[PDB]
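# Structural overview for review
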Amino acid sequence: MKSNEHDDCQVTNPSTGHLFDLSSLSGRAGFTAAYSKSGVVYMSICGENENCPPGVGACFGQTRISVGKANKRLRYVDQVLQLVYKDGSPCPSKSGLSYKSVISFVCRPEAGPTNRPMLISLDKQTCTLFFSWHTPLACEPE
């Protein structure tokens, strides 16, 4: 119950006893981000991403190129949720680093669960994709 961020896709706020559930957001298709010539990405907000070799967390599903392995590692800080899938494909752009996908869950009641983390920016130098999902699921206004 103390540390959940690496265990299950849930966050416990011990100051108000509020559990956040992002674990029910597991799926076969997951959430999809339609993106340019690079392609459309599949994203598992929890678990592992399918339509690509199961065990990735973010992958272009049309080419099955991994851009983050499924490591259930979410981040709860300053009332803004985040989850990261790193070390998918090796990036030969700048340094010998991998491509990683970071999803920033902006706690905003401006969308519902059908909405999804879109790609707002992609730093091709650090080989990092920045997704953002404005969702009240991330922080529930109680």
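Everything below is about the structure shown above.
A few points on the structure. (Residues numbered from 1 in each chain as written, not as in the entry; some residues may be left out. Heavy atoms only, no water.)

### Things to note about the pattern of salt bridges
If the charged atoms of two oppositely charged side chains come close together, the side chains can form a pair. Our working rule: Salt bridge criterion: a side-chain nitrogen from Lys or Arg within 4 Å of a carboxyl oxygen from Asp or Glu. Runs of E in the DSSP output that reach at least two residues are strands. Runs of H or I that reach at least four are helices, and both are numbered from the N terminus. The buried label goes to any residue with under 20% of its type's maximum accessible area, the exposed label to any with over 50%, and the partly exposed label to all in between, with areas taken from a 1.4 Å probe on protein chains only.
If you walk through the whole model with that rule in mind, you get 2 salt bridges. With a shortest N-O distance of 2.8 Å, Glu50 and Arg28 are connected by a salt bridge. Residue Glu50 is found in the loop between β4 (41-43) and β5 (58-60), and its partner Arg28 is found in the loop between β2 (18-21) and β3 (31-33); the two are separated by 22 residues along the sequence. Assessed through its relative accessible area of 14%, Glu50 is described here as buried. Classification of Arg28 by relative accessible area gives exposed; the value is 64%. Of the charged contacts in the structure, one is a salt bridge between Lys86 and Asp87, with a shortest N-O distance of 2.7 Å. Using a relative accessible area of 27% as the deciding quantity, one classes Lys86 as partly exposed. Residue classification places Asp87 among the partly exposed residues on the basis of a relative accessible area of 31%.

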